[PDB]
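Undergrad: Here you go, one structure.
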Amino acid sequence: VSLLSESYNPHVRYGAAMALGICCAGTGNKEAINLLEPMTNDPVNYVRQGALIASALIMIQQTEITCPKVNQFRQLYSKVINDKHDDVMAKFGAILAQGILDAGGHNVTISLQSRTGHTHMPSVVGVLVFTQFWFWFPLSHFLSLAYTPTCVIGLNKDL
Amino acid sequence: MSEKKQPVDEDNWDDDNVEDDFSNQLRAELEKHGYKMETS
Amino acid sequence: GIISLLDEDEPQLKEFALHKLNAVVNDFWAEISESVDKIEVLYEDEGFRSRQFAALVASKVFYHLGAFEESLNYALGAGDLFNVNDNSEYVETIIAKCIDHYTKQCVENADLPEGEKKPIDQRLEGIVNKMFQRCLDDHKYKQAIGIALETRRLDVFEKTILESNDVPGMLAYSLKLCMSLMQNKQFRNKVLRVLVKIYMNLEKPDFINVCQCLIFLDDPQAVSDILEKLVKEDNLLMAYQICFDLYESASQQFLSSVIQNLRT
Amino acid sequence: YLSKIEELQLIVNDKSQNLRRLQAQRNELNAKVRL
Amino acid sequence: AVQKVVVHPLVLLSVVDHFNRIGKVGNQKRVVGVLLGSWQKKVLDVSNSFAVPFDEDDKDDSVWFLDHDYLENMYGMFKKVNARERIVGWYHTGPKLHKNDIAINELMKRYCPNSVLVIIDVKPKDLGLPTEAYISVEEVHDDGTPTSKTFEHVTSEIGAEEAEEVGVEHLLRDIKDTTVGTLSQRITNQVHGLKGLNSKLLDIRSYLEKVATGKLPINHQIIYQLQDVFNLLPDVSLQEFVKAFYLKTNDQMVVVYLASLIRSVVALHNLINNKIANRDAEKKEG
Amino acid sequence: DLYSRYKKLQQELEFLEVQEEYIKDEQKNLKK
Amino acid sequence: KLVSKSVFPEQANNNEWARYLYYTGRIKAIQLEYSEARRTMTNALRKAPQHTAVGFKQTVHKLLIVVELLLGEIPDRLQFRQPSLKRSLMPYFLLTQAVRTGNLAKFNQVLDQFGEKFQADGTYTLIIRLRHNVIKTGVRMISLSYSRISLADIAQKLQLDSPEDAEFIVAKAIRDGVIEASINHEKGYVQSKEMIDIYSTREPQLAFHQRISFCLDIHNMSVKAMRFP
């Protein structure tokens with residue numbers, strides 16, 4: 001998909017950034033961040049929020065000790081919302097990149113392929129219908145079933 | 001094997017040898033080998 | 001000119017030329033290579049009782065000439081002394097290619113439904129059930145499950161899950177790892193249904209196997225049966241894996257089917 | 001020792017990483033010539 | 001004396017949406033219409049036209065409907081937008097003809113020096129040409145009968161006039177200008193070899209069916225006359241073009257000498273700087 | 001480790017077969 | 001190698017392939033071959049790497065052109081001659097001197113004089129066909145010269161003393177295919193021809209298929225040469 005970053009067009013620059021997102025979500029990849037950093041360095045605004053939203057999808061589930069670019073982007077997205085004269089198609093999903101950045105407050109995560117061995121298909125439904133929410137605003141609202149707790153519960157008796 | 005003082009250092013061939021075999025010879029010499037006939 | 005010393009049509013002078021063959025064949029690899037048709041005459045003649053040796057030095061000079069399918073054909077004609085050797089250059093390579101032909105044969109016939117196969121010729125299977133015994137008696141059944149991978153056939157596979165002493169857990173990660181290299185649904189469900197039963201054939205009942213075949217073989221009737229075991233054996237504390245992986249990782253349609261079949 | 005042979009012999013065939021390295025380089029080249 | 005016209009597919013797209021009219025107004029299958037245009041020369045251009053509400057009885061096929069509410073006042077509109085773009089002829093679909101067509105031509109030959117009938121194509125799958133012209137002809141016979149008027153095959157084409165590709169070549173969205181020598185030649189090989197020799201199979205339909213069931217135009221006046229042109233070179237075993245083989249030495253002379261010397265120059269082209277930039281890229285990498 | 005030692009390099013063989021096929025197509029577009 | 005011809009690597013060492021093709025050049029040379037032998041003498045000769053090892057090309061090239069000594073069409077290697085090789089090519093300079101001279105007492109006099117160095121050569125297939133090479137050089141030269149010579153002209157000039165063995169020379173020259181020389185058959189006395197107005201136009205561009213198909217071979221050697229970095 002790094003070779004797919006060579007695309008001439010903003011739908012495959014942008015959708016390639018989406019491929020970084022939904023492909024490498026819970027991974028601890030720094031090279032994906034290394035790809036997205038020129039993807040927010042691009043005169044197309046919504047591929048810059050391709051880097052905002054997709055980098056929010058790499059910054060799920062993980063902390064600063066996982067990769068040092070977490071807090072860089074935590075302050076950097078508010079930093080680019082400080083620039084008033086950006087596109088609000090660029091900072092369209094910036095607050096959304098904060099919400100994906102703190103989905104749970106890193107308490108929950110994605111389940112595209114559960115630890116059980118089998119996938120978790122309504123999460124897959126949420127992420128795949130989630131995509132083109134310009135075309136339909138409730139596609140943004142559909143990311144309900146895509147989150148599982150990263151917690152520990154010692155149940156012997158149910159109360 | 002170049003281990004010595006040295007690392008500072010048929011067309012017309014077989015015919016350059018026969019042509020260097022008759023070096024002062026009479027290969028042609030017309031007015032000589034041709035008109036020794038009627039001189040006597 | 002060691003083959004022109006064979007105008008006598010009795011095999012007893014071919015024995016003395018063969019006598020020369022076990023000595024100076026490497027110096028005569030030129031010389032033997034024109035003899036090939038007469039070696040063919042040695043293989044076509046059934047009265048030539050050393051035709052096993054004709055296929056031996058046939059596959060030696062074809063091994064040198066780089067014929068390997070014909071080194072396979074006369075590797076088969078070589079007889080029984082073929083497989084028993086432990087040579088590190090010739091015989092382990094031509095049984096590597098012979099058993100390469102066996103495993104591509106078992107892939108080809110594994111793709112060939114209801115027989116009509118190329119038969120096991122009469123000199124196969126020797127180092128299969130010999131070096132396989134070296135690997136059984138190595139007590140490292142990763143090779144022994146290796147052949148079972150290589151055949152796509154649940155005959156040596158069933159014997160290597162009814163196999164001898166080792167952890168049953170060898171199969172267990174392989175439960176995932178056969179899922180790793182799985183190509184078809186054709187024997188995915190077969191291995192997937194026979195390992196959960198070889199664990200039932202094993203004395204200790206496994207719980208991760210039905211945790212896996214509920215989400216890969218999705219049988220709502222076997223989990224009704226071992227759910228009647230969970231009513232029977234009564235321990236809900238060991239029952240967490242199938243009950244709440246059943247709630248966790250099963251499909252909603254399969255949740256409807258499994259609540260249909262499970263209340264019975 | 002049986003199939004301990006062919007996988008390093010497939011690592012021989014990782015010249016496609018090198019020939020397709022030149023092709024990937026070339027993709028970047030003419031792709032950014034286009035850009 | 002008409003070789004070709006210039007065809008704007010604009011009002012052909014009006015034949016497309018009138019082809020959308022006839023699929024939803026009812027029984028009228030064929031799209032028939034009236035062709036506007038201006039005679040400038042043997043070459044002509046068609047810039048506009050109009051498609052007629054027309055009906056045609058299958059019994060007594062010569063029943064026309066060219067309404068003059070639909071003709072005259074619409075010619076006042078079409079005259080009112082432009083004095084230039086007046087009538088030139090008319091059109092209908094189907095490949096062959098219509099028992100009424102000739103009469104439909106003569107309704108508007110009072111309007112034009114040469115009202116042309118250009119039989120059009122709504123569903124192109126053809127082996128030959130697109131829409132093609134038919135001029136006013138009086139060829140009759142060597143007989144001395146009353147004058148024949150059926151309008152004969154007078155060649156035309158689809159000409160392209162002016163810029164107009166701000167729409168069109170933006171709407172290509174697929175096609176490439178091939179630098180010929182890049183398979184376009186074998187496309188022409190399939191179309192002239194295949195699409196020429198199945199027309200040859202139409203010519204064995206001619207010269208077999210006319211032998212079979214063909215009456216008076218079996219050998220009217222052009223069959224033997226163009227069996228001459230067939231007798232350019234039809235000969236038996238191998239046709240023995242003995243002049244053409246050392247004449248072909250004079251031919252392949254040129255192509256192999258140019259390919260020989262010139263492709264050795266191409267050997268300099270590829271080979272030399274291929275090596276230079278090659279080993280610069282190779283050992284200058286270290 | 002001959003269980004999956006044999007298999008896994010083929011998974012990383014198919015894909016570069018596909019782009020090995022495909023770079024000619026993209027260069028063919030860059031001619032256009 | 002006549003049955004197990006699998007002698008073709010990538011030829012990486014680029015001297016191994018050179019002297020190797022020289023060695024099988026000596027092989028096909030000593031079997032029986034002129035043309036293929038001398039052209040891999042030529043190909044291995046032009047693949048001789050440098051002058052960075054003295055003598056190892058010099059003695060091996062003393063052995064290289066021996067089949068060309070057996071052609072009859074050979075020039076004398078004095079620019080190849082190292083002066084350190086000169087004292088060792090003292091038979092050999094004089095050997096090719098005996099080649100181009102048509103003398104017979106010289107032909108057996110050089111062999112007589114340096115049969116020991118010819119044992120150091122150890123390739124006495126030279127002498128079994130070298131007298132044959134004398135008569136083929138004479139018939140090649142004179143048959144190349146004159147259209148209708150008589151066999152008595154060439155014969156009792158080259159000391160043949162009879163017409164019928166000259167007819168055998170013409171017979172085996174036709175059999176070896178040098179000239180289309182017939183005989184005005186009464187008692188000998190060749191009637192014959194040269195061969196010009198033979199052809200010159202299509203026949204070269206027939207060869208240009210191999211020139212330039214050979215060129216496109218080298219073209220794709222440059223494309224695969226471009227595959228390296």
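Quick note on naming: the chains in the structure tokens go A, B, ... in the order shown, residues restart at 1 in each chain, and ligands are numbered from 1 in order of appearance.
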Write out as CSV the residues of chain G that have any atom within 12 Å of an atom of chain D, one row each with the nearest atom pair and its distance in Å to one decimal, counting only C-alpha atoms, sorted by chain and then rising number.
TA:
residue,atom,partner,partner_atom,distance
G:224,CA,D:19,CA,10.2
G:225,CA,D:19,CA,11.6
G:226,CA,D:22,CA,9.6
G:227,CA,D:19,CA,6.5
G:228,CA,D:19,CA,7.7
G:229,CA,D:22,CA,7.2
Undergrad: List the spatial neighbours of residue G:43 as a list in words - criterion: any atom at most 12 Å away, only C-alpha atoms, same-chain residues fewer than 5 positions off excluded.
TA: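 Listing them by chain and then by number gives residues 17, 18, 19, 20, 21, 22, 23, 24, 25, 35, 36, 37, 38, 48, 49 and 64 of chain G.
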Undergrad: Quick one: pull the distance between atom CA of residue E:263 and atom CA of residue G:216, Å, one decimal.
TA: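 Between atom CA of residue E:263 and atom CA of residue G:216 the gap works out to 8.5 Å.
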Undergrad: Could you tell me which residues of chain F sit within 9 Å of chain D when counting only C-alpha atoms, and give me the result as number ranges by chain?
TA: F: 1-2, 5-7, 9-10, 16-17, 19-20, 23-24, 26-27, 30
Undergrad: Now that the selection is made, can you save its residues with N, CA and C atoms as a short mmCIF file (atom, residue, chain, number, x, y, z; two decimals), in the first residue's frame?
TA:
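Below you can see result-v6.cif, which holds the result:
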data_model
loop_
_atom_site.label_atom_id
_atom_site.label_comp_id
_atom_site.auth_asym_id
_atom_site.auth_seq_id
_atom_site.Cartn_x
_atom_site.Cartn_y
_atom_site.Cartn_z
N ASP F 1 11.42 -26.74 10.54
CA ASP F 1 10.09 -26.18 10.72
C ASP F 1 9.25 -26.41 9.48
N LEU F 2 9.36 -27.62 8.92
CA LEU F 2 8.89 -27.94 7.58
C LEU F 2 7.38 -28.01 7.45
N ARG F 5 7.25 -23.91 6.82
CA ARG F 5 8.42 -23.38 6.12
C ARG F 5 8.19 -23.37 4.62
N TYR F 6 7.57 -24.43 4.12
CA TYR F 6 7.37 -24.60 2.69
C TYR F 6 6.35 -23.63 2.11
N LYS F 7 5.30 -23.31 2.85
CA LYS F 7 4.13 -22.66 2.29
C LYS F 7 4.24 -21.15 2.20
N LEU F 9 6.34 -18.66 1.68
CA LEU F 9 6.98 -17.79 0.71
C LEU F 9 6.15 -17.68 -0.57
N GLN F 10 5.23 -18.62 -0.78
CA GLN F 10 4.31 -18.55 -1.90
C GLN F 10 3.28 -17.45 -1.73
N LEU F 16 3.66 -10.00 -5.80
CA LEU F 16 4.65 -9.48 -6.73
C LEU F 16 4.58 -10.12 -8.10
N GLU F 17 3.96 -11.29 -8.25
CA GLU F 17 3.54 -11.67 -9.60
C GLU F 17 2.52 -10.68 -10.15
N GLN F 19 1.86 -7.40 -9.29
CA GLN F 19 2.39 -6.09 -9.65
C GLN F 19 3.50 -6.20 -10.67
N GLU F 20 4.22 -7.32 -10.68
CA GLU F 20 5.16 -7.60 -11.77
C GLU F 20 4.45 -7.58 -13.11
N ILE F 23 3.06 -3.31 -13.46
CA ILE F 23 3.88 -2.13 -13.70
C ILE F 23 3.94 -1.79 -15.19
N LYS F 24 3.90 -2.81 -16.05
CA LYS F 24 3.80 -2.59 -17.49
C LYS F 24 2.50 -1.89 -17.86
N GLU F 26 0.82 0.21 -15.85
CA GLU F 26 0.86 1.59 -15.40
C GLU F 26 1.79 2.43 -16.25
N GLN F 27 2.94 1.88 -16.63
CA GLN F 27 3.81 2.54 -17.59
C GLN F 27 3.11 2.74 -18.92
N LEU F 30 1.22 5.73 -18.48
CA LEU F 30 2.04 6.93 -18.46
C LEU F 30 2.54 7.29 -19.85
#
Undergrad: Pick out each residue of chain F that DSSP on the backbone tags as helix (DSSP H, G or I); I need them as a VMD selection string.
TA: chain F and resid 8 to 31
Undergrad: Distance cut-off 8 Å, counting only C-alpha atoms - which residues of chain B neighbour chain G? Return them as a list in words.
TA: residues 1, 2, 10, 11, 12, 13, 14, 15, 16, 17 and 18 of chain B
Undergrad: Could those residues be written to a file, using N, CA and C atoms, as a PDB file, in the first residue's frame?
TA:
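Below is the file that was written, selection12.pdb:
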ATOM      1  N   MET B   1      50.354 -15.738 -14.638  1.00  0.00           N
ATOM      2  CA  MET B   1      51.522 -15.541 -13.786  1.00  0.00           C
ATOM      3  C   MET B   1      52.423 -14.431 -14.328  1.00  0.00           C
ATOM      4  N   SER B   2      52.285 -13.231 -13.764  1.00  0.00           N
ATOM      5  CA  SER B   2      53.039 -12.058 -14.189  1.00  0.00           C
ATOM      6  C   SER B   2      54.126 -11.661 -13.198  1.00  0.00           C
ATOM      7  N   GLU B  10      44.646 -15.786 -44.877  1.00  0.00           N
ATOM      8  CA  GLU B  10      45.922 -15.078 -44.977  1.00  0.00           C
ATOM      9  C   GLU B  10      45.784 -13.713 -45.663  1.00  0.00           C
ATOM     10  N   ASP B  11      46.190 -12.659 -44.950  1.00  0.00           N
ATOM     11  CA  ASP B  11      46.004 -11.312 -45.480  1.00  0.00           C
ATOM     12  C   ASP B  11      47.151 -10.909 -46.401  1.00  0.00           C
ATOM     13  N   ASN B  12      48.310 -10.732 -45.769  1.00  0.00           N
ATOM     14  CA  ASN B  12      49.575 -10.403 -46.416  1.00  0.00           C
ATOM     15  C   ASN B  12      50.733 -10.758 -45.478  1.00  0.00           C
ATOM     16  N   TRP B  13      50.444 -11.574 -44.463  1.00  0.00           N
ATOM     17  CA  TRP B  13      51.448 -11.986 -43.478  1.00  0.00           C
ATOM     18  C   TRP B  13      52.337 -13.129 -43.968  1.00  0.00           C
ATOM     19  N   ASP B  14      51.731 -14.286 -44.238  1.00  0.00           N
ATOM     20  CA  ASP B  14      52.464 -15.448 -44.734  1.00  0.00           C
ATOM     21  C   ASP B  14      53.200 -15.016 -45.993  1.00  0.00           C
ATOM     22  N   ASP B  15      52.708 -13.922 -46.561  1.00  0.00           N
ATOM     23  CA  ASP B  15      53.268 -13.292 -47.750  1.00  0.00           C
ATOM     24  C   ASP B  15      54.225 -12.169 -47.381  1.00  0.00           C
ATOM     25  N   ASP B  16      54.092 -11.577 -46.196  1.00  0.00           N
ATOM     26  CA  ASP B  16      55.169 -10.724 -45.707  1.00  0.00           C
ATOM     27  C   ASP B  16      56.382 -11.543 -45.294  1.00  0.00           C
ATOM     28  N   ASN B  17      56.224 -12.845 -45.040  1.00  0.00           N
ATOM     29  CA  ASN B  17      57.373 -13.681 -44.710  1.00  0.00           C
ATOM     30  C   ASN B  17      58.088 -14.169 -45.968  1.00  0.00           C
ATOM     31  N   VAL B  18      57.344 -14.652 -46.969  1.00  0.00           N
ATOM     32  CA  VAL B  18      57.958 -14.998 -48.246  1.00  0.00           C
ATOM     33  C   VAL B  18      58.401 -13.739 -48.981  1.00  0.00           C
TER      34      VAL B  18
END
Undergrad: Which residues are near stretch 28-38 of chain B? Cut-off 12 Å, only C-alpha atoms, ignore same chain within fewer than 5 positions. Put them as a VMD selection string.
TA: chain B and resid 19 22 to 23
Undergrad: Write the residues of the preceding selection, restricted to N, CA and C atoms, as an mmCIF file, in the first residue's frame.
TA:
data_model
loop_
_atom_site.group_PDB
_atom_site.id
_atom_site.type_symbol
_atom_site.label_atom_id
_atom_site.label_comp_id
_atom_site.auth_asym_id
_atom_site.auth_seq_id
_atom_site.Cartn_x
_atom_site.Cartn_y
_atom_site.Cartn_z
ATOM 1 N N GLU B 19 57.641 -12.663 -48.844
ATOM 2 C CA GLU B 19 58.034 -11.357 -49.343
ATOM 3 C C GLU B 19 59.135 -10.729 -48.493
ATOM 4 N N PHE B 22 62.503 -13.235 -50.017
ATOM 5 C CA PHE B 22 63.172 -12.886 -51.258
ATOM 6 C C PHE B 22 63.607 -11.427 -51.280
ATOM 7 N N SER B 23 64.136 -10.914 -50.154
ATOM 8 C CA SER B 23 64.118 -9.489 -49.811
ATOM 9 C C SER B 23 64.860 -8.601 -50.809
#
Undergrad: Using only C-alpha atoms, which of C:255, C:262, C:235, C:215 sits nearest chain A?
TA: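 Of all the options, C:215 lies closest to chain A.
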Undergrad: Which chain E residues are at most 12 Å from chain F (counting only C-alpha atoms), as an mmCIF file with N, CA, C and O atoms, in the first residue's frame?
TA:
data_model
loop_
_atom_site.group_PDB
_atom_site.id
_atom_site.type_symbol
_atom_site.label_atom_id
_atom_site.label_comp_id
_atom_site.auth_asym_id
_atom_site.auth_seq_id
_atom_site.Cartn_x
_atom_site.Cartn_y
_atom_site.Cartn_z
ATOM 1 N N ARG E 173 -12.831 9.064 -22.443
ATOM 2 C CA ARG E 173 -12.593 8.345 -21.191
ATOM 3 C C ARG E 173 -12.155 6.881 -21.303
ATOM 4 O O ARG E 173 -12.405 6.087 -20.398
ATOM 5 N N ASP E 174 -11.502 6.533 -22.406
ATOM 6 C CA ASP E 174 -11.012 5.184 -22.611
ATOM 7 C C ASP E 174 -9.878 5.100 -23.617
ATOM 8 O O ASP E 174 -8.962 4.293 -23.436
ATOM 9 N N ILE E 175 -9.910 5.914 -24.670
ATOM 10 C CA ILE E 175 -9.187 5.578 -25.890
ATOM 11 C C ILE E 175 -7.843 6.303 -25.931
ATOM 12 O O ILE E 175 -7.648 7.329 -25.268
ATOM 13 N N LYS E 176 -6.896 5.736 -26.677
ATOM 14 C CA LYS E 176 -5.538 6.234 -26.813
ATOM 15 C C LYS E 176 -5.245 6.495 -28.282
ATOM 16 O O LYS E 176 -5.661 5.719 -29.147
ATOM 17 N N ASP E 177 -4.533 7.583 -28.562
ATOM 18 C CA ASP E 177 -3.965 7.797 -29.888
ATOM 19 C C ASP E 177 -2.772 6.868 -30.081
ATOM 20 O O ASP E 177 -1.690 7.119 -29.542
ATOM 21 N N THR E 178 -2.959 5.801 -30.853
ATOM 22 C CA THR E 178 -1.883 4.851 -31.098
ATOM 23 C C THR E 178 -0.914 5.415 -32.128
ATOM 24 O O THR E 178 -1.335 5.984 -33.140
ATOM 25 N N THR E 179 0.380 5.267 -31.863
ATOM 26 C CA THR E 179 1.412 5.625 -32.825
ATOM 27 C C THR E 179 1.661 4.461 -33.775
ATOM 28 O O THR E 179 2.609 3.698 -33.554
ATOM 29 N N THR E 182 1.660 0.032 -33.449
ATOM 30 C CA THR E 182 1.358 -0.372 -32.092
ATOM 31 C C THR E 182 -0.033 -0.990 -32.112
ATOM 32 O O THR E 182 -0.994 -0.404 -31.610
#
Undergrad: Name all residues at most 12 Å from residue A:59 (count only C-alpha atoms; drop same-chain ones fewer than 3 positions away) and give them as a VMD selection string.
TA: chain A and resid 20 to 21 24 to 30 32 to 33 51 to 56 62 to 74 97 to 103 105 to 106 109 to 110
Undergrad: Only residues of chain A matter here; which ones have an atom within 12 Å of chain F, counting only C-alpha atoms? Give them as a PyMOL selection string.
TA: chain A and resi 1+3-4+6-8
Undergrad: Limited to N, CA and C atoms, could you put the picked residues into a file as a JSON list (two decimals), in the first residue's frame?
TA:
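Heads up, here's the output in selection-v5.json:
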[["chain", "number", "residue", "atom", "x", "y", "z"],
["A", 1, "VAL", "N", 0.84, -1.19, 0.00],
["A", 1, "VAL", "CA", 0.00, 0.00, 0.00],
["A", 1, "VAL", "C", 0.88, 1.25, 0.00],
["A", 3, "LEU", "N", 3.35, 1.28, -2.05],
["A", 3, "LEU", "CA", 3.39, 1.44, -3.50],
["A", 3, "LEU", "C", 2.08, 2.03, -4.01],
["A", 4, "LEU", "N", 0.98, 1.79, -3.29],
["A", 4, "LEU", "CA", -0.29, 2.39, -3.68],
["A", 4, "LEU", "C", -0.35, 3.87, -3.33],
["A", 6, "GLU", "N", 1.61, 5.93, -4.50],
["A", 6, "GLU", "CA", 2.14, 6.57, -5.70],
["A", 6, "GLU", "C", 1.05, 7.09, -6.62],
["A", 7, "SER", "N", -0.19, 7.11, -6.13],
["A", 7, "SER", "CA", -1.32, 7.37, -7.00],
["A", 7, "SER", "C", -1.39, 8.84, -7.39],
["A", 8, "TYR", "N", -1.74, 9.05, -8.64],
["A", 8, "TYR", "CA", -1.94, 10.36, -9.21],
["A", 8, "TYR", "C", -3.22, 11.02, -8.72]]
